[PDB]
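# Kindly return the folded structure for what I paste below:
(chains A, B, C, D, E, F, G, H and I, ligands or ions: 4)
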Amino acid sequence: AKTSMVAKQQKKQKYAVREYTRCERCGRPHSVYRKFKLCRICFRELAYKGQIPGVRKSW
Amino acid sequence: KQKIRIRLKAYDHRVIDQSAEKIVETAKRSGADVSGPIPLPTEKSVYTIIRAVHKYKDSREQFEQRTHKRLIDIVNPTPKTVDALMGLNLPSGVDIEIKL
Amino acid sequence: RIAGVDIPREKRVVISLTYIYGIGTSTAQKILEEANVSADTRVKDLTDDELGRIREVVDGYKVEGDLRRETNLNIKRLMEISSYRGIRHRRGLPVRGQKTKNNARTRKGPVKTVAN
Amino acid sequence: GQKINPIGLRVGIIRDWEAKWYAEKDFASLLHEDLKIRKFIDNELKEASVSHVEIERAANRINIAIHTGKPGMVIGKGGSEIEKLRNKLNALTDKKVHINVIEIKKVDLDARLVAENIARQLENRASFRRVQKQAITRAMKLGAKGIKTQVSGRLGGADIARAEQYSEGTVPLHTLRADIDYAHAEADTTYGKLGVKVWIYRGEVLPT
Amino acid sequence: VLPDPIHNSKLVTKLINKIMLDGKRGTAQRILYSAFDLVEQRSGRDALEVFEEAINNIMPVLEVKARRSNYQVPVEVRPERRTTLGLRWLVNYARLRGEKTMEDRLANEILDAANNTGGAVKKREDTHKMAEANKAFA
Amino acid sequence: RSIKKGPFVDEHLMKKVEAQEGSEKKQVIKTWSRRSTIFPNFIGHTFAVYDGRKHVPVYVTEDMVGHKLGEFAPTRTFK
Amino acid sequence: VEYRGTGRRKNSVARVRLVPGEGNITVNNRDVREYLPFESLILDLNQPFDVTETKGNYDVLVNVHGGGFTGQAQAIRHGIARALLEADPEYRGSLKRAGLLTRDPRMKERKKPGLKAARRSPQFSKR
RNA sequence: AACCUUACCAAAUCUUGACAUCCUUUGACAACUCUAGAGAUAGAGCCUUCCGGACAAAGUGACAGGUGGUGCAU
RNA sequence: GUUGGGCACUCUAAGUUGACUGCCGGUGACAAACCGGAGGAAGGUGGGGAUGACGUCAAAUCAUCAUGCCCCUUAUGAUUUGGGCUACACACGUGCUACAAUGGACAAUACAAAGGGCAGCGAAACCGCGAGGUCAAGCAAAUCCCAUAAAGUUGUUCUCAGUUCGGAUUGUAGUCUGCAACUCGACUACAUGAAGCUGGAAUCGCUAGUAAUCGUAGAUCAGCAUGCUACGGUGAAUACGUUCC
Ligand SMILES: [Mg+2]
Ligand SMILES: [Mg+2]
Ligand SMILES: [Mg+2]
Ligand SMILES: [Zn+2]
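Numbers count the residues shown, from 1 in each chain, chains lettered A, B, ... in the order given. Ligands and ions are numbered 1, 2, ... in the order given. Below, you will see the structure:
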């Protein structure tokens, strides 16, 4: 029931506490970094492709 | 004393150094009374992921995001150097911030 | 005897009061502030007048019998009306939102191993 | 044995972020912008042989730069098509965007272009084997020090999968100097989804 | 490594680093120094002298290696493992000499060993007993 | 409640109890609101609380004051 | 006059200025045995002197920051020993033979993912 | 994992649908109040205004939708 | 060090030097290489990471996503409220707290690192025993806050006890968050004070600033961490050696 809930979180909700983050391109709630509003997977995808500034795999 | 102070934030040292050198030479070319380039502690964040799709939390991939910070002051300004600084809107991946 | 129990004698007054059901360390320290005796002292060596001041003080508190009765009365109230908490009391299960799957050996009691 | 993307390994060492902008705070909007641009170029990308786009941003402007080998199909003849792009693209973004078509000659030396080609071939139902063969052939005629190619999935309409790869030359992944251009693509074949990976290594140079 | 400040000896520091729990060198230091003070109190003479005599007593000269059933075959103990085992047994059998304070425990242990008594000497003679018993297998 | 600024109760329930002030004695009152506290204004009014699958009746007493309807609408049917 | 040193050991930096005197040693405007508890620390501090018979010919003042007393003191030791060369370059050979000039690189290691520490893995069980 | 998340269960509800592309009526839009409902929800309003693209609804059948199965087709 | 002053020192961070068996001797097929030595901050891939060959396990994932075929489509789709994912005769795994004098309680006092911060970090003053509350400074950072590090040290006490150990459980009263903490948050004060005196057969980790132990920080996050990721402080024992698993 993904894309429904995508619409649902992208809507406002009757009170602010119900508001939750999911990644904007993949409707995935968990492992979201709210700076990027990306999940861990898509973070890897894009930072490997070079599409996310700053980022460089470390040590 | 009567000083301009400019902050450069960049994700890359080998470009922020040259941008700094540009603006510094422009100030001590179109004026005088310039401070040096001043490194600042260079923040770095780090986001840690599990290399997987479903489980295997034991494996990780650690990504750093550096943020180099480089400060310069122009002592005792003149409008020539003011103009030749504000008339340099370069480069792209560096946030300059003037303070007066 | 103070609250009906002749508390230990070699000890200091604070800790020897801690062996009263209803009197912990906070109240021990407050009571000794009230009736002026240094806690470094010891019940055997006290002046009996100081000990009497202490007992006058202590009388103004809910202690051994009253305390048990009050607690079990509060409990049995909710056991009777059969709240969630009252039923978990009735059944010897934990009350405070704990997990009853792997833990809870206290309220349950010892292991009763069933065969798989 | 579950090996990484070399561009992800090399970013910040010999090749630079395709996105070349700063924001202390507002990645929460600007990165999604970058991605939506990357997606909206489906228009061009469906035929125009676009390898990659770099992006830069300023206070006033966006400055984007799209690399290809058939640039006429994106600039029309005089500018009709780039203007067509500015209209809708700037309508999406709501910010003044200036673009820059840029040419990469030698189109059969570029990873994503090879991958696109072999994908469309395999959708036209050619043979994985001949495809990879002739790709590496023409690349080595163009004079690359190494090519590697791989296709994986239901080859020949087979009931189950395979992974077939070819190489000629040197593909030193663990060398970090090496600027090996990797590309992945897919092919929605009538039986399933063939996944193509391609690798070129066209001599050694540094960004500094 | 180094010798110790008060007494200038290697063994004392090597023993501190074996009494030490979780890197509490100063705690170990305190209790060993108070033990030397207390063994100067009782049995008045030098703490190093009585200590060195103690380890001369308990520090063994043989050992066994278990190999093959299972033979346990004797062997000549290395001179570093000598002091190693001496100090180890000293500390451990002190810890199980069972009284209030470890300084008292240690004081009594060095005392008994100085007089060729104590659990450490018992372990020594157990070791040599089983060694010579198994001497056939050398 | 956990704090002291004001207890809690659903308006759609309190409005209806106050409606039922007259005490006709035929009345019950349904609710899904297990979150509600029990003021002294509820004494005698039988409530029909939704347990998750069923509206269960409960009679209210002077001991149920600082308590909640969910405390008396069981949910997990263990035996 | 002065003879100076910059000792560093285990995220602890110490700026030493040897001067001739009695034997006093101040450390962040405090005396040694005020500042440091132990005494083998102080042995290690004074050991560079002991190599060269220079025990009382110098006072010390140090400005220090970082870490904790033990490595902080080994850093004092190192800066002292290096300043002693600025005062007397021929003691280099004795400090060499004794191994006093080596800045210990023994830094704390990086915790690694999948492990509960730099080396320690969790408790494993097949079953 | 308080609600949402939540995919499950009970009750209550909807059936071009919570979401997208199209035709046309259109239209700028509504916000924000009150009654009832457990809430979704309807119901009175409040007067919203073509800036031919755009927001907003509405009829429409194409259509959507599926955290449904196969990880032994990928 | 705050302010007038100096940027010497530390530090910060860009460029550079540096270490390469580079040199000395011996060994060795003279070769590679080994052993030792000098110098040097460091010596023998310096230490630690990142990087994981062809392929095996028809290993995992169709619930990140994408997708072939199959199936539901007035329902296997969609909306709200409430419940449940937190059950409980039991078994297994991973960890936390302890079973105390190398300690507990109280008092004074000392030295860190790596990190976060805008409608968020919330100093000070004040009220509250404490959770925290009122006002309100500074702060988009090497400025200000988070943020007093704790173990340690110095004293005093308790003096071997199921204890002044341990802090589970339960009772009452409260604080913060939130649309609301019964199911089902954390926290505090008081009261109570369980099991537990170092663990059977078995078995795990670790070769050095490691193990061990003490604190700290952060992502997720309104709120909730004994978990995860990361940081520093103190700091070992041993390696005979390859007969066995
Ligand atoms: Mg729900
Ligand atoms: Mg390698
Ligand atoms: Mg399988
Ligand atoms: Zn995502």
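
# does any part of the helix or strand hosting residue A:43 sit near RNA strand H?
Assigned by DSSP states H and E, residue A:43 belongs to helix A:40-49. No: applying C-beta under 7 Å from any atom of the strand, one finds that helix A:40-49 is not in contact with RNA strand H, the shortest distance being 11.9 Å. Yep, even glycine has a C-beta here, placed from its N, CA and C like the rest.

# where's residue E:65 relative to residue D:67, distance?
In this structure, residue E:65 lies at 72 Å from residue D:67, with C-beta to C-beta, to the nearest Å as the measure.

# Between those two, point out the one with more neighbours.
Neighbours were counted for residue E:65 and for residue D:67 using other C-beta atoms under 10 Å in any protein chain shown; residue D:67 has more, 19 against 10.

# Next, the more buried one: phi, psi?
Here is the backbone geometry of residue D:67 (degrees, to the nearest 10): phi -100, psi 140.

# how about the strands in chain E?
Listed in chain order, the strands of chain E (DSSP state E) span E:62-67, E:71-76.

# Against which helices or strands is the first one packed?
Taking 3 or more C-beta pairs under 8 Å, 6 or more residues apart in numbering or on different chains; DSSP states H and E as contact, the helices and strands that strand E:62-67 lies on are strand E:71-76, helix E:119-133.

# how about JSON lines for those, with distance to residue B:74 and mean neighbour count added?
Listed next are the helices and strands packed on strand E:62-67 as JSON lines, based on distance: least, C-beta to C-beta, whole Å; neighbours: other C-beta atoms under 10 Å in any protein chain shown:
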{"stretch": "strand E:71-76", "distance to residue B:74": "80", "mean neighbour count": "14"}
{"stretch": "helix E:119-133", "distance to residue B:74": "77", "mean neighbour count": "16"}
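
# Tabulate these in CSV, adding columns for distance to RNA strand H.
Written out in CSV, the entries for the helices and strands packed on strand E:62-67 read as follows (distance: least, C-beta to the nearest atom of the strand, whole Å):
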stretch, distance to RNA strand H
strand E:71-76, 52
helix E:119-133, 53
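
# Which among those is found nearest to residue B:18?
Nearest to residue B:18, of all the helices and strands packed on strand E:62-67, is strand E:71-76, at 70.7 Å by C-beta to C-beta.

# which neighbours does that closest one have in its sheet, and in what orientation?
Strand E:71-76 has its sheet partners listed here by DSSP bridges as strand E:62-67 (antiparallel).

# before we move on, back to that, I'd like the distance from the very next helix or strand once past the helix holding residue A:43 to the chain centre, please.
The first helix or strand that comes after helix A:40-49 along the chain, using DSSP H and E, is strand A:55-57. Mean C-alpha position of strand A:55-57 versus that of the full chain (C-alpha atoms, centre = their mean, to the nearest Å) differs by 18 Å.

# Which strands and helices lie in contact with strand A:55-57?
Using 3+ C-beta pairs under 8 Å, 6+ apart, the elements in contact with strand A:55-57 are strand B:60-75.

# so which of the helices and strands packed on strand E:62-67 gets nearest residue E:86?
Shortest distance between residue E:86 and the helices and strands packed on strand E:62-67, using C-beta to C-beta, is found for helix E:119-133: 7.4 Å.

# what angle separates the closest one from strand E:62-67?
On the basis of axes from the mean of the first three to the mean of the last three C-alpha atoms, to 10 degrees, helix E:119-133 is oriented at 60 degrees to strand E:62-67.

# Setting aside sequence neighbours, what's the nearest residue to the residue nearest the centre of chain F?
Centrality entry for chain F: nearest residue to the mean C-alpha point is residue F:69, 4.6 Å, by C-alpha atoms, centre = their mean. Nearest in space to residue F:69, with sequence neighbours left out and distances taken as C-beta to C-beta, 6 or more residues apart in numbering or on different chains, is residue F:49 at 4.6 Å.

# wait, that neighbour sits on residue F:68?
No: with contacts defined as C-beta atoms under 8 Å, residue F:49 does not count as touching residue F:68, sitting 9.6 Å away.

# Next, count neighbours for residue 49.
The chain I'm using is chain A. Residue A:49 is flanked by 19 other residues according to other C-beta under 10 Å.

# switch to chain E, that's the one I care about
Residue E:49 is flanked by 10 other residues according to other C-beta under 10 Å.

# now swap in residue B:39 and tell me
With neighbours defined by other C-beta under 10 Å, the count for residue B:39 comes to 14.

# Please look at it and residue B:72 and confirm they touch.
No: no contact is recorded between residue B:39 and residue B:72 when judged using C-beta under 8 Å, the distance being 10.7 Å.

# residues touching residue 49, list them.
No chain was given, so I picked chain A. The neighbourhood of residue A:49, defined by C-beta atoms under 8 Å, 6 or more residues apart in numbering or on different chains, consists of D:5, D:7, D:8, D:18.

# To clarify, I was referring to chain D.
Taking C-beta under 8 Å, 6+ apart as the contact definition, residue D:49 lies against D:68, D:69, D:70, D:73, D:107, D:113, D:116.

# Pull out the buried members of those.
Taking 16 or more other C-beta atoms under 10 Å in any protein chain shown as the criterion, what is buried in the contacts of residue D:49 is D:68, D:69, D:107, D:113, D:116.

# what helix or strand is the fourth one on?
Right, residue D:113. Taking DSSP H and E as the criterion, the element that holds residue D:113 is helix D:111-123.

# CA atoms of that helix as PDB?
Included here for helix D:111-123 are C-alpha records, laid out as PDB according to Å, rounded to 0.1, in the frame of the first residue of the first chain:
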ATOM      1  CA  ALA D 111      30.700   3.800 -20.800                       C
ATOM      2  CA  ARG D 112      27.100   4.900 -20.600                       C
ATOM      3  CA  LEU D 113      26.800   5.300 -24.300                       C
ATOM      4  CA  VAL D 114      28.100   1.700 -24.900                       C
ATOM      5  CA  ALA D 115      25.600   0.500 -22.300                       C
ATOM      6  CA  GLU D 116      22.700   2.400 -23.900                       C
ATOM      7  CA  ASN D 117      23.700   1.000 -27.300                       C
ATOM      8  CA  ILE D 118      23.900  -2.600 -26.200                       C
ATOM      9  CA  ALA D 119      20.700  -2.300 -24.200                       C
ATOM     10  CA  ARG D 120      18.800  -1.100 -27.300                       C
ATOM     11  CA  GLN D 121      20.400  -3.800 -29.400                       C
ATOM     12  CA  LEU D 122      19.300  -6.500 -26.900                       C
ATOM     13  CA  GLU D 123      15.800  -5.000 -27.000                       C
END
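
# Give me the helices and strands touching it, please.
When contacts are defined as 3+ C-beta pairs under 8 Å, 6+ apart, helix D:111-123 packs onto strand D:50-57, helix D:128-142, strand D:146-153, strand D:181-187, strand D:194-201.

# Please name whichever of those is nearest to chain A.
Chain A lies closest to strand D:50-57 among the helices and strands packed on helix D:111-123, at 8.5 Å (C-beta to the nearest C-beta).

# wait, does that closest one contact chain B?
Yes: taking C-beta under 8 Å from any C-beta of the partner chain as the criterion, strand D:50-57 and chain B are in contact, through D:56, D:57.

# before we move on, back to that, which positions within the helix holding residue D:113 qualify as buried?
Going by neighbour count (16+ other C-beta under 10 Å), the buried part of helix D:111-123 is D:111, D:112, D:113, D:114, D:115, D:116, D:117, D:118, D:119, D:121, D:122.

# Let's have those residues in TSV, adding distance to ligand 4.
As requested, these are arranged in TSV below (distance: C-beta to the ion, whole Å):
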residue	distance to ligand 4
D:111	25
D:112	23
D:113	28
D:114	29
D:115	24
D:116	25
D:117	30
D:118	29
D:119	25
D:121	32
D:122	29
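
# Among those residues, which one lies nearest to residue G:18?
Residue G:18 has its nearest neighbour among the buried residues of helix D:111-123 in residue D:111, at 63.3 Å by C-beta to C-beta.
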